[PDB]
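Quick notes on the structure that follows.
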Amino acid sequence: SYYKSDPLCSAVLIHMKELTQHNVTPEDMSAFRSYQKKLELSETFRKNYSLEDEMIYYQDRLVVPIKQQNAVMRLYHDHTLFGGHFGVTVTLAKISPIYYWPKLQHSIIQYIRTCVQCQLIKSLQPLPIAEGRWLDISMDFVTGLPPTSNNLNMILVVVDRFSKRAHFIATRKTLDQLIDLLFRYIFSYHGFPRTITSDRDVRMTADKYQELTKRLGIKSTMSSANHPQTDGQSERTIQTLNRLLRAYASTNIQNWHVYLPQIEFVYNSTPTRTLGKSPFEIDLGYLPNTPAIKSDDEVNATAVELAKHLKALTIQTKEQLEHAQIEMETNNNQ
Amino acid sequence: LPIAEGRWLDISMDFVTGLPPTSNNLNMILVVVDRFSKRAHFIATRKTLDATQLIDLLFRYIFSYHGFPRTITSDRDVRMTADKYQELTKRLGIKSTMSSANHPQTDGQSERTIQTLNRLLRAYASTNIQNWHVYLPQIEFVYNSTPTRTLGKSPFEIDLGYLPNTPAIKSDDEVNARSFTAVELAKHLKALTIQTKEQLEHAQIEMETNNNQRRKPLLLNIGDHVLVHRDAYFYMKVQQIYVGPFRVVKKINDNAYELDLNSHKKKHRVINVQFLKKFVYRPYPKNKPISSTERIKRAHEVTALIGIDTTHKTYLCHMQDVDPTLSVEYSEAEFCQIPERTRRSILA
Amino acid sequence: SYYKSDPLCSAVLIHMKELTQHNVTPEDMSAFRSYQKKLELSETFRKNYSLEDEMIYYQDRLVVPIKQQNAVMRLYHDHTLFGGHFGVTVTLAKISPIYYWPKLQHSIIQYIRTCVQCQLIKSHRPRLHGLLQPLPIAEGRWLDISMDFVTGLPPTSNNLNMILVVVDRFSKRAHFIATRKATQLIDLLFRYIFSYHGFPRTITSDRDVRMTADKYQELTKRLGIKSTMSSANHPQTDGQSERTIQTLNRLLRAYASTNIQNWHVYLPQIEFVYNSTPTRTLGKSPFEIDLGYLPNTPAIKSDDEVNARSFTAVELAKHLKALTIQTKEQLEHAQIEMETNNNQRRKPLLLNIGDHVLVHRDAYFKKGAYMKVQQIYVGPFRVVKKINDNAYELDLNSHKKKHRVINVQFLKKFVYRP
DNA sequence: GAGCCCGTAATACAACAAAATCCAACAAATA
DNA sequence: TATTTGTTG
DNA sequence: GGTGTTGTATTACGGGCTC
DNA sequence: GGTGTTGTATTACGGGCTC
């Protein structure tokens, strides 16, 4: 009594389903596109339809005839079966995993264009929110680092307060001036913020940053000089130097500038005291670690294979120790 | 190649050169393309910084700091065919999947990004020699924010959700201004994953439509002979640039045959079908010399040459009216007697 | 610092927006298009304009007044708000989700033809810019001759280095000119190998220094020989000789696979084999296109006859006339077939006077100049003469550039805008 | 319509598009 | 251990 | 005046059979 | 396991008018 319990031998999918049948071709007027599609199916490699007792379907989706396209869109768009007139994203997330529907997204957006009930005043030009994501960053300065035999005696800390993500990277303390915003701009994988709230010391910069913003489209001003909040974030900024000191304690030749990205990877690959999840999968899917294979040094087909994964495991133990020390510091202090 | 995974578990990268120096940086194109979302990062570098030993991995990890991949697709470049690179990736659980001896179409989406990158590089390259290394992050930020064609959404918003700053939110919804509470990101980011996945089956279908119209597949079983026609010997104008037949060993794909072009020498003995060609030996042909005295008298009946074995003293060549691929070993005891003046002429 | 914070009561959309307001109609000069658009709106039913607190827009997209059209398309095309100088499709994908703009596609392609950097940087298949328009077919036999050569081969014993070819446009008769990669004695060897038959009328060749050759050109002007002299890095005009060296390369590989460094012995065999084998665009052997005296005669051809032109002594005039007529119509058939199978996408370009065309860094700079990711910012040149249907001479703003003939495959005509 | 044999015979599709040096850098081969 | 020499973006 | 052009597998169209 | 892929002018197909 439900759908698909009806014969429809005159539609677009007939040419696709006659690849094995080859019985009857009852096409309509201007249906030479269907014959071209069957020729396409012949000369390409997409044949995965299963032919069992009138159930013609794709690898996991049941195809639908083009005649009841209006019926399907009304069933899955309106309030006939407890709908609600959602957006194209939710509608396609509901429809596509179940049915194949060649040209489905265009069908959905065409139905949105040809519908009239949902098109009301929606409001306005841009979103307004004081809390966001990558829209407000802060940074600070550190001093005591080894020269690393390349005069790289600095670490550039970047904070992502809206999502607690971090970016620690080696620089030179002599000149962190145009080279600072160059490496900041290659850091900017996630767009400009609204305001920068560094609040470390006097800053003669933000003039050439202002000229960059004039040369660009964003109004990212750098401000908040000599402020004083001191509520939780100060603890994080103070404890930031601790992990870098632990990375310093490893070595000095081929030091933390080697595998410091891995230090950041398994530094933010941990939940923040179980209250907040890891910054990788709070935004992305998971950003997988995949450390499963580490002991295969029998043949390998102290600086190439072995010590690299020993250093990775050492960094993992170091970040575990840092997590333990910060959670016990919070337990003792609070 | 396989469609997509969970946000660039499949990835591609490649190199192009010819870029003008600014700080002795004449490579500067290490483009890494986040195949699912097509985020397509590229970072400035040089030839002389590394050869996959010291610093190449370090900016590879600062790229990979934003998520480890699970599959690489790259070329047969010396910077990635090294033993150090393959073993470290294997211990990282990430495949190599190299190319097929000058077949860059395996790295097609990275090279297509380069093709888009080159136009924008010429657009931003007015100060060609003086000071322009600031333009590559600018080109990255411009190219990621620009909507593509095969998906309809900009590669920046496909992975990250939202668009960059200065919101120019379209007439769909407020959903592209998704910078708020993160506990519900998984559902709609997976919905966008479904959208983009559908756009990539559409892209794969569109690619296979207009390209397979003239192309004809080649089907070979293991054992039958095959010619390589190129990439066997690197003044190749009048001389026999095309070389003799070899026996296929492993059929990796329908368009991927592993074959014994030489004895055991070097360099990844698998050739794409574009260079490969069928061989037919339907045919007074002579017999197969197997005795010790038949390799000396029957040495003036040679036809062509392959070369000299690198492992020991054994020359491989082709005789006349015999089994072509099944060569007969001819050492120095039966090499100097026959006139070899016309033998090295085709090798040189 | 956002836009649309301005009322404009004087534009095209005023007639459209007074369909609800009906208050003020302060039209401007050349605003009669608004009257016609309002008339078309009145006789139809497509009213979807929304009037909300000075934001007049389409069903979901903001219609923009024509005063700030260029500002909006420059904003979404240049890097002021991160455009990037892309094509019409990406520009639509940036603008059409937010703005409506009646005839937006035409306006955007007009802007693409308007923006200068897009004209200088983009290519958009700059190999299909003129029709085929092939050479005039022929005259009597051995009057048009095609000249070119491949520069280098694996050298022989140190007396011969490279192969030069002479094939006539009519009969396509192979030749074996084996040179040394030459001197001003080119006219000696060339004279000895064409003057075997006789002096031609025109030479279809490239601008090569052995033929640009002011000493050699004056010889042709005195003797009565023209010179087509195909432009810089445009070897298509040479044609028959290029196609012959294509066939010669396969033949030379066949006859010198195991016999490198002494291919000068086999070169007469190469040309004799090319001469004895019938072609496709004429259907006959080049001996038969000439005086038909295939000397080998392994077997008599189809439609068996006397087939012995040695026996004929005085009656050769009618035979050569018949061969000339059928080969001329076969050449015309080859011409029209080439034109049909090539011009399916070749868009013509006919200017002939008074334009500001470009040359996109090919035949402008050296062929030996390296092509790289260096910017392509050739200046706007000028055209003063229509030298041919498929090329235009330019006033190259250099010392001389040694040539000023540019085939249409490098032009990409520049268009300004006030 | 419906297909098949067979015998010619057209038919877009790509090759001639200067030639040959290395650059940087993996790993084999002696001595 | 330095100087070679196969192949490949 | 001066500006493509054929070799090649591949494939499409008539006499003669079954209708 | 491992093997193309999008940017771009250009052009083709539905609502609304004349029939």
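Every chain in the structure tokens takes a letter, A first, then B, and so on in the order presented; its residues are numbered from 1, and the ligands are numbered from 1 following the presented order.
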Pick out the residues sitting within 8 Å of residue 34 of chain A, and hand them over as a PyMOL selection string; count only C-alpha atoms (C1' of nucleotides), and ignore anything fewer than 3 positions along from it in its own chain. chain A and resi 12+15+31+37-38
Where does chain E meet chain B within 9 Å, residue by residue, with the nearest atom pair and distance in Å to one decimal for each, counting only C-alpha atoms (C1' of nucleotides), listed by chain and rising number, as a tab-separated table?
```
residue	atom	partner	partner_atom	distance
E:6	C1'	B:266	CA	7.2
E:7	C1'	B:267	CA	6.1
E:8	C1'	B:77	CA	5.7
E:9	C1'	B:77	CA	5.0
```
Just the selected residues (C-alpha atoms (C1' of nucleotides)), exported as a PDB file, in the first residue's frame, please.
```pdb
ATOM      1  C1'  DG E   6      71.514   3.910 -13.305  1.00  0.00           C
ATOM      2  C1'  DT E   7      66.710   6.429 -13.093  1.00  0.00           C
ATOM      3  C1'  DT E   8      62.957  10.354 -12.216  1.00  0.00           C
ATOM      4  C1'  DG E   9      59.740  15.337 -10.941  1.00  0.00           C
TER       5       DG E   9
END
```
Interface residues on chain G facing chain B, 9 Å, only C-alpha atoms (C1' of nucleotides), written as a PDB file with N, CA, C and O atoms (P, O5', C5', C4', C3', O3' and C1' of nucleotides), in the first residue's frame:
```
ATOM      1  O5'  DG G   1      45.758  -2.442  -6.040  1.00  0.00           O
ATOM      2  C5'  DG G   1      44.523  -2.660  -5.368  1.00  0.00           C
ATOM      3  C4'  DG G   1      44.584  -2.129  -3.948  1.00  0.00           C
ATOM      4  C3'  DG G   1      44.901  -0.643  -3.830  1.00  0.00           C
ATOM      5  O3'  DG G   1      43.695   0.101  -3.702  1.00  0.00           O
ATOM      6  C1'  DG G   1      46.516  -1.883  -2.644  1.00  0.00           C
ATOM      7  P    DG G   2      43.691   1.700  -3.886  1.00  0.00           P
ATOM      8  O5'  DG G   2      44.813   1.978  -4.991  1.00  0.00           O
ATOM      9  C5'  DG G   2      45.976   2.726  -4.646  1.00  0.00           C
ATOM     10  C4'  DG G   2      46.709   3.199  -5.884  1.00  0.00           C
ATOM     11  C3'  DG G   2      46.099   2.749  -7.215  1.00  0.00           C
ATOM     12  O3'  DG G   2      45.385   3.833  -7.822  1.00  0.00           O
ATOM     13  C1'  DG G   2      48.510   2.687  -7.194  1.00  0.00           C
ATOM     14  P    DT G   3      43.786   3.757  -7.978  1.00  0.00           P
ATOM     15  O5'  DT G   3      43.380   5.111  -8.731  1.00  0.00           O
ATOM     16  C5'  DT G   3      43.331   5.154 -10.157  1.00  0.00           C
ATOM     17  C4'  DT G   3      44.527   5.903 -10.701  1.00  0.00           C
ATOM     18  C3'  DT G   3      44.643   5.959 -12.220  1.00  0.00           C
ATOM     19  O3'  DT G   3      43.921   7.077 -12.729  1.00  0.00           O
ATOM     20  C1'  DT G   3      46.763   5.618 -11.120  1.00  0.00           C
ATOM     21  P    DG G   4      44.127   7.563 -14.250  1.00  0.00           P
ATOM     22  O5'  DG G   4      42.767   8.321 -14.598  1.00  0.00           O
ATOM     23  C5'  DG G   4      41.972   8.876 -13.559  1.00  0.00           C
ATOM     24  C4'  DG G   4      42.631  10.094 -12.947  1.00  0.00           C
ATOM     25  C3'  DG G   4      41.664  11.085 -12.291  1.00  0.00           C
ATOM     26  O3'  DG G   4      42.135  11.423 -11.004  1.00  0.00           O
ATOM     27  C1'  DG G   4      43.108  12.203 -13.762  1.00  0.00           C
ATOM     28  P    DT G   5      41.125  11.975  -9.884  1.00  0.00           P
ATOM     29  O5'  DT G   5      40.786  13.456 -10.367  1.00  0.00           O
ATOM     30  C5'  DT G   5      41.764  14.446 -10.213  1.00  0.00           C
ATOM     31  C4'  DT G   5      41.327  15.784 -10.778  1.00  0.00           C
ATOM     32  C3'  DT G   5      39.824  16.083 -10.742  1.00  0.00           C
ATOM     33  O3'  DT G   5      39.640  17.314 -10.098  1.00  0.00           O
ATOM     34  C1'  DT G   5      40.757  16.693 -12.792  1.00  0.00           C
ATOM     35  P    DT G   6      38.237  17.689  -9.428  1.00  0.00           P
ATOM     36  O5'  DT G   6      38.524  19.116  -8.771  1.00  0.00           O
ATOM     37  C5'  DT G   6      37.737  20.230  -9.139  1.00  0.00           C
ATOM     38  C4'  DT G   6      38.514  21.198 -10.013  1.00  0.00           C
ATOM     39  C3'  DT G   6      37.711  22.420 -10.458  1.00  0.00           C
ATOM     40  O3'  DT G   6      38.509  23.587 -10.378  1.00  0.00           O
ATOM     41  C1'  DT G   6      38.592  21.341 -12.339  1.00  0.00           C
ATOM     42  P    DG G   7      37.835  24.988  -9.976  1.00  0.00           P
ATOM     43  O5'  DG G   7      38.175  25.948 -11.207  1.00  0.00           O
ATOM     44  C5'  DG G   7      39.521  26.325 -11.464  1.00  0.00           C
ATOM     45  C4'  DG G   7      39.649  27.200 -12.710  1.00  0.00           C
ATOM     46  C3'  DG G   7      38.633  28.319 -12.866  1.00  0.00           C
ATOM     47  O3'  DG G   7      39.262  29.404 -13.525  1.00  0.00           O
ATOM     48  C1'  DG G   7      38.366  26.747 -14.631  1.00  0.00           C
TER      49       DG G   7
END
```
Alpha helix (DSSP H) call set, DSSP backbone run, segment 172-299 of chain B, as number ranges by chain: B: 185-211, 294-297
Could you work out which residues of chain D fall inside 7 Å of chain C? Count only C-alpha atoms (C1' of nucleotides), and format the result as number ranges by chain. D: 15-19
Would you kindly report the residues of chain G within 10 Å of chain C, using only C-alpha atoms (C1' of nucleotides), as a PyMOL selection string? chain G and resi 7-9+15-17
re atom CA of residue 418 of chain C and atom CA of residue 72 of chain C: distance 17.5 Å
Restrict the calculation to only C-alpha atoms, then for each residue of chain C with any atom at most 9 Å from an atom of chain A give the closest atom pair and their distance in Å to one decimal, rows by chain and rising residue number, as CSV.
```
residue,atom,partner,partner_atom,distance
C:1,CA,A:219,CA,8.9
C:59,CA,A:119,CA,8.1
C:60,CA,A:119,CA,8.5
C:79,CA,A:216,CA,7.2
C:80,CA,A:217,CA,5.5
C:81,CA,A:217,CA,4.8
C:82,CA,A:217,CA,7.3
```
May I have the residues within 12 Å of residue 5 of chain E as a compact mmCIF listing (two decimals) with N, CA, C and O atoms (P, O5', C5', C4', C3', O3' and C1' of nucleotides), in the first residue's frame, using only C-alpha atoms (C1' of nucleotides) and disregarding those fewer than 2 positions away in the same chain?
```txt
# COMPACT_ATOMS: atom_id res chain seq x y z
N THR B 310 73.94 -4.88 -13.91
CA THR B 310 74.74 -4.14 -12.94
C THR B 310 75.28 -5.03 -11.83
O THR B 310 76.31 -4.71 -11.24
P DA D 27 68.52 5.89 -0.16
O5' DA D 27 69.11 4.66 -1.01
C5' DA D 27 68.23 3.79 -1.72
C4' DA D 27 68.89 3.31 -3.00
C3' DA D 27 70.14 2.45 -2.79
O3' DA D 27 69.91 1.05 -3.17
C1' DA D 27 70.53 4.19 -4.42
P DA D 28 69.93 0.51 -4.70
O5' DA D 28 71.48 0.38 -5.08
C5' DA D 28 72.15 -0.86 -4.93
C4' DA D 28 72.94 -1.19 -6.19
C3' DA D 28 74.24 -1.94 -5.97
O3' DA D 28 74.59 -2.64 -7.17
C1' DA D 28 74.72 0.28 -6.62
P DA D 29 76.07 -3.22 -7.43
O5' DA D 29 76.82 -1.99 -8.14
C5' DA D 29 77.43 -2.17 -9.41
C4' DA D 29 78.93 -1.94 -9.33
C3' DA D 29 79.65 -2.81 -8.29
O3' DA D 29 80.80 -3.40 -8.88
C1' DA D 29 80.18 -0.53 -7.96
P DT D 30 81.24 -4.89 -8.48
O5' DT D 30 82.79 -4.75 -8.08
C5' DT D 30 83.24 -3.63 -7.33
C4' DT D 30 83.95 -2.62 -8.21
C3' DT D 30 85.45 -2.51 -7.98
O3' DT D 30 86.10 -2.07 -9.16
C1' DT D 30 84.41 -0.50 -7.33
P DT E 3 85.58 14.24 -4.59
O5' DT E 3 85.27 13.32 -5.86
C5' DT E 3 86.32 12.55 -6.44
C4' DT E 3 85.75 11.44 -7.30
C3' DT E 3 84.72 11.89 -8.35
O3' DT E 3 85.13 11.47 -9.65
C1' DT E 3 83.97 9.98 -7.18
P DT E 7 68.48 4.56 -17.10
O5' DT E 7 67.02 4.27 -16.48
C5' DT E 7 66.86 3.56 -15.25
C4' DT E 7 66.21 4.43 -14.18
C3' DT E 7 65.20 5.45 -14.70
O3' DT E 7 63.90 5.12 -14.23
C1' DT E 7 66.71 6.43 -13.09
```
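Using only C-alpha atoms (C1' of nucleotides), the contacts of residue 266 of chain C at a cut-off of 10 Å, with sequence neighbours closer than 4 positions omitted, comprise residues 176, 251, 252, 255, 256, 259, 262, 270, 271 and 272 of chain C.
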I'd like the interatomic distance between atom CA of residue 382 of chain C and atom CA of residue 355 of chain C, to a tenth of an Å.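 For atom CA of residue 382 of chain C relative to atom CA of residue 355 of chain C, the distance reads 6.0 Å.
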What are the residues of chain B lining chain C at 9 Å or less? Count only C-alpha atoms, and put the answer as an MDAnalysis selection string. chainID B and resid 17:20 118:128 139 141:143 145:149 152:153 166 168:172 235:241 303:304 342:343 345:346
Hey, what does DSSP flag as strand (DSSP E) within segment 154-317 of chain A? Can you give it to me as a PDB file with N, CA, C and O atoms, in the first residue's frame?
```pdb
ATOM      1  N   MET A 154      63.257  31.582  20.189  1.00  0.00           N
ATOM      2  CA  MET A 154      61.957  32.137  20.556  1.00  0.00           C
ATOM      3  C   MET A 154      60.888  31.108  20.224  1.00  0.00           C
ATOM      4  O   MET A 154      61.094  30.225  19.388  1.00  0.00           O
ATOM      5  N   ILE A 155      59.745  31.226  20.900  1.00  0.00           N
ATOM      6  CA  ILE A 155      58.563  30.423  20.616  1.00  0.00           C
ATOM      7  C   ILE A 155      57.368  31.361  20.507  1.00  0.00           C
ATOM      8  O   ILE A 155      57.122  32.162  21.414  1.00  0.00           O
ATOM      9  N   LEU A 156      56.632  31.266  19.403  1.00  0.00           N
ATOM     10  CA  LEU A 156      55.482  32.130  19.156  1.00  0.00           C
ATOM     11  C   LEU A 156      54.210  31.396  19.567  1.00  0.00           C
ATOM     12  O   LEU A 156      53.790  30.446  18.899  1.00  0.00           O
ATOM     13  N   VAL A 157      53.600  31.845  20.657  1.00  0.00           N
ATOM     14  CA  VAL A 157      52.368  31.262  21.176  1.00  0.00           C
ATOM     15  C   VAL A 157      51.167  31.990  20.578  1.00  0.00           C
ATOM     16  O   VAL A 157      51.162  33.220  20.466  1.00  0.00           O
ATOM     17  N   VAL A 158      50.186  31.222  20.102  1.00  0.00           N
ATOM     18  CA  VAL A 158      48.930  31.758  19.585  1.00  0.00           C
ATOM     19  C   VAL A 158      47.784  31.011  20.254  1.00  0.00           C
ATOM     20  O   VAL A 158      47.812  29.781  20.358  1.00  0.00           O
ATOM     21  N   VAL A 159      46.774  31.756  20.703  1.00  0.00           N
ATOM     22  CA  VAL A 159      45.640  31.203  21.433  1.00  0.00           C
ATOM     23  C   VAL A 159      44.380  31.411  20.596  1.00  0.00           C
ATOM     24  O   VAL A 159      44.246  32.408  19.882  1.00  0.00           O
ATOM     25  N   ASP A 160      43.453  30.455  20.692  1.00  0.00           N
ATOM     26  CA  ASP A 160      42.218  30.441  19.915  1.00  0.00           C
ATOM     27  C   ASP A 160      41.018  30.372  20.851  1.00  0.00           C
ATOM     28  O   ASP A 160      40.217  29.435  20.769  1.00  0.00           O
ATOM     29  N   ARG A 165      42.064  26.220  20.850  1.00  0.00           N
ATOM     30  CA  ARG A 165      43.152  25.698  20.036  1.00  0.00           C
ATOM     31  C   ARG A 165      44.405  26.549  20.255  1.00  0.00           C
ATOM     32  O   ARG A 165      44.337  27.698  20.699  1.00  0.00           O
ATOM     33  N   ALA A 166      45.566  25.963  19.979  1.00  0.00           N
ATOM     34  CA  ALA A 166      46.828  26.651  20.180  1.00  0.00           C
ATOM     35  C   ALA A 166      47.726  26.485  18.963  1.00  0.00           C
ATOM     36  O   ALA A 166      47.583  25.549  18.176  1.00  0.00           O
ATOM     37  N   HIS A 167      48.658  27.428  18.824  1.00  0.00           N
ATOM     38  CA  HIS A 167      49.697  27.389  17.794  1.00  0.00           C
ATOM     39  C   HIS A 167      51.002  27.859  18.425  1.00  0.00           C
ATOM     40  O   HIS A 167      51.199  29.059  18.640  1.00  0.00           O
ATOM     41  N   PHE A 168      51.886  26.912  18.723  1.00  0.00           N
ATOM     42  CA  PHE A 168      53.211  27.211  19.241  1.00  0.00           C
ATOM     43  C   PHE A 168      54.194  26.963  18.106  1.00  0.00           C
ATOM     44  O   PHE A 168      54.121  25.928  17.438  1.00  0.00           O
ATOM     45  N   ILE A 169      55.096  27.913  17.867  1.00  0.00           N
ATOM     46  CA  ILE A 169      56.027  27.798  16.750  1.00  0.00           C
ATOM     47  C   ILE A 169      57.284  28.608  17.047  1.00  0.00           C
ATOM     48  O   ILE A 169      57.235  29.655  17.699  1.00  0.00           O
ATOM     49  N   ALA A 170      58.421  28.096  16.578  1.00  0.00           N
ATOM     50  CA  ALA A 170      59.714  28.706  16.843  1.00  0.00           C
ATOM     51  C   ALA A 170      59.941  29.938  15.980  1.00  0.00           C
ATOM     52  O   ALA A 170      59.624  29.951  14.787  1.00  0.00           O
ATOM     53  N   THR A 171      60.508  30.973  16.597  1.00  0.00           N
ATOM     54  CA  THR A 171      60.898  32.206  15.925  1.00  0.00           C
ATOM     55  C   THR A 171      62.241  32.642  16.503  1.00  0.00           C
ATOM     56  O   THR A 171      62.921  31.872  17.188  1.00  0.00           O
ATOM     57  N   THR A 195      39.273  41.021  16.719  1.00  0.00           N
ATOM     58  CA  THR A 195      40.230  41.800  17.488  1.00  0.00           C
ATOM     59  C   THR A 195      41.285  40.866  18.061  1.00  0.00           C
ATOM     60  O   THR A 195      41.005  39.708  18.378  1.00  0.00           O
ATOM     61  N   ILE A 196      42.505  41.379  18.189  1.00  0.00           N
ATOM     62  CA  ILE A 196      43.616  40.640  18.776  1.00  0.00           C
ATOM     63  C   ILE A 196      43.885  41.227  20.155  1.00  0.00           C
ATOM     64  O   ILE A 196      44.108  42.437  20.292  1.00  0.00           O
ATOM     65  N   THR A 221      41.484  44.859  13.917  1.00  0.00           N
ATOM     66  CA  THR A 221      42.345  45.763  14.663  1.00  0.00           C
ATOM     67  C   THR A 221      42.990  45.017  15.824  1.00  0.00           C
ATOM     68  O   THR A 221      42.388  44.109  16.406  1.00  0.00           O
ATOM     69  N   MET A 222      44.230  45.380  16.133  1.00  0.00           N
ATOM     70  CA  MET A 222      44.948  44.820  17.270  1.00  0.00           C
ATOM     71  C   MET A 222      44.905  45.833  18.406  1.00  0.00           C
ATOM     72  O   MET A 222      45.336  46.979  18.238  1.00  0.00           O
TER      73      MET A 222
END
```
So that I can see what lies close to residue 293 of chain B, please list as a ChimeraX atom specification the residues with an atom at most 12 Å from it, counting only C-alpha atoms (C1' of nucleotides) and leaving out residues fewer than 3 positions away in the same chain. /B:289-290,296-299,330,333-334
Kindly determine which residues of chain B lie within 6 Å of chain A, considering only C-alpha atoms, and give the answer as a compact mmCIF listing (two decimals) with N, CA, C and O atoms, in the first residue's frame.
```
# COMPACT_ATOMS: atom_id res chain seq x y z
N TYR B 61 55.04 18.03 8.74
CA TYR B 61 54.30 17.87 9.98
C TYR B 61 53.59 19.15 10.41
O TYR B 61 52.53 19.08 11.04
N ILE B 62 54.16 20.33 10.12
CA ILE B 62 53.42 21.54 10.51
C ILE B 62 52.20 21.71 9.61
O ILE B 62 51.20 22.31 10.02
N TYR B 65 50.13 18.97 11.26
CA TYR B 65 49.66 19.38 12.58
C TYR B 65 48.15 19.61 12.59
O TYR B 65 47.50 19.40 13.62
N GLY B 67 46.01 17.71 11.24
CA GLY B 67 45.41 16.42 10.95
C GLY B 67 46.29 15.49 10.14
O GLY B 67 46.67 15.82 9.01
N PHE B 68 46.63 14.34 10.71
CA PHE B 68 47.37 13.33 9.96
C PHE B 68 46.49 12.76 8.85
O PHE B 68 45.29 12.55 9.05
N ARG B 91 55.58 3.36 9.17
CA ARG B 91 55.44 3.43 10.62
C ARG B 91 54.39 4.45 11.05
O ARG B 91 53.89 4.37 12.18
N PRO B 137 50.84 32.75 0.84
CA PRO B 137 49.69 32.68 1.76
C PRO B 137 48.49 33.49 1.28
O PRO B 137 47.35 33.10 1.52
N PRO B 164 35.38 32.53 5.80
CA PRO B 164 36.23 33.48 6.53
C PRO B 164 35.53 34.77 6.93
O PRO B 164 34.32 34.92 6.74
N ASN B 165 36.29 35.71 7.49
CA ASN B 165 35.75 36.95 8.02
C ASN B 165 35.16 37.84 6.92
O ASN B 165 35.25 37.51 5.74
N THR B 166 34.57 38.98 7.33
CA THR B 166 33.71 39.84 6.51
C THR B 166 32.59 38.99 5.91
O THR B 166 32.66 38.62 4.73
N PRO B 167 31.58 38.62 6.70
CA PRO B 167 30.54 37.70 6.21
C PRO B 167 29.75 38.28 5.05
O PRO B 167 29.22 39.39 5.12
N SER B 179 29.86 29.76 13.48
CA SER B 179 30.78 30.03 14.59
C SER B 179 29.99 30.25 15.88
O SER B 179 29.72 31.37 16.31
N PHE B 180 29.60 29.13 16.49
CA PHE B 180 28.95 29.09 17.80
C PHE B 180 29.18 27.70 18.39
O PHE B 180 30.14 27.01 18.00
N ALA B 191 26.47 16.05 7.52
CA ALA B 191 25.53 16.34 6.45
C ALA B 191 26.24 16.98 5.25
O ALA B 191 26.02 16.59 4.10
```
Atom-to-atom span, atom CA of residue 66 of chain C and atom CA of residue 7 of chain C, Å: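 Those two atoms sit 12.5 Å apart.
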Residues of chain D at most 7 Å from chain B: nearest atom pair and distance in Å, only C-alpha atoms (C1' of nucleotides), as a tab-separated table:
```
residue	atom	partner	partner_atom	distance
D:20	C1'	B:235	CA	6.8
D:24	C1'	B:47	CA	6.7
D:25	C1'	B:78	CA	6.0
D:26	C1'	B:78	CA	5.2
```
